[PDB]
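Taking the form deposited in one PDB entry, here's one chain by itself in structure tokens.
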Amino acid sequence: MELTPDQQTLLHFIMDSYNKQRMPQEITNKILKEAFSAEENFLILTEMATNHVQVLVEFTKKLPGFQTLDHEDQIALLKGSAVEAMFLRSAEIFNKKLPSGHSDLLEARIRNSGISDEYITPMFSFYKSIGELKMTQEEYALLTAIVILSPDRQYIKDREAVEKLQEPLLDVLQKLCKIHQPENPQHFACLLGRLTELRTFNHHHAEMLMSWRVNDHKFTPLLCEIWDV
């Protein structure tokens, strides 16, 4: 029912590794400060996406048991979760409470960033769906770890070894759901449901970058490897 000392240890360790990320206030303040062209926003996106991959590899290496997995499976998990984890992190930043009228301006700035209108509606539908869940910092950290340690990822040789590492993270998350929302017993299932909505963003990620309203789509070598561009 309640968290065990081992689970609390796992939780604080996941929280410490996760907090090594970029400040949500820093990112939203830049977007809200002034309007940028589709070209400036494309450059901001590639820089933010390159840094996110680097921070994600460090968070993943610290995930208990990750370094014991086969080296090829290690790459397949990272390649399979990188884009999903970046969208989950954008949804987290999107739903952070801000002064009156700021989240309306943040939405309008993201709508006019340069992204193709075809992707605007599915993106905001996911962001709003995440927001309705009123997720805590610990829930975002554990859900990101669960997304990375997905055994049902493509090209995984040893799925059972991945399952063994994901299961204790799922157990901690379920206990937090029962504690933070005892009136909503559907909460844990709702979180796992939102992960299938995440997976549907992975299908058109390359197109989302290529269809950006710019003439030149320049990427860093690391981005070319993670996003398939």
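A residue's number is simply how far along the shown sequence it sits, counting from 1. Rigid core: the largest C-alpha set superposing within 1.5 Å between the two forms.
Mean CA B-factor, 22-30 versus 162-170: the higher value falls on 22-30. Averaged over Cα atoms, the B-factor as recorded in the entry is higher for 182-190 than for the other of 49-57 and 182-190. Out of 63, 35, 44, 38, the entry records its largest CA B-factor for 35. Note on 151, 101, 80, 114: the highest value goes to 101, judged by CA B factor as recorded. In the deposited entry, the Cα temperature factor of residue 133 places it in the highest third of its chain's modelled residues. Compared with the other modelled residues of the chain, the Cα B-factor recorded for residue 107 ranks in the middle third. When all modelled residues of the chain are sorted by CA temperature factor, residue 118 is found within the highest third. Per the PDB record, residue ranking by Cα B-factor puts residue 223 in the lowest third of the chain. Residue 124: CA B factor in the middle third of modelled residues in this chain (values from the PDB entry).
Although it is not shown, the form deposited in another entry is what the next lines describe.
Positional change of residue 174 between this form and the one not shown stays under 2 Å at the C-alpha, relative to the superposed core. Annotation: Cα of residue 39 displaced by at least 2 Å between this form and the one not shown, core superposition. Once the rigid core is overlaid between this form and the one not shown, residue 112 counts among the residues whose Cα shifts by 2 Å or more. By 3 Å or more, the C-alpha separation between residue 97 and residue 148 shrinks in that other deposited form relative to the form shown here. CA of residue 98 to CA of residue 91: closer by 3 Å or more in that other deposited form than in the shown form.
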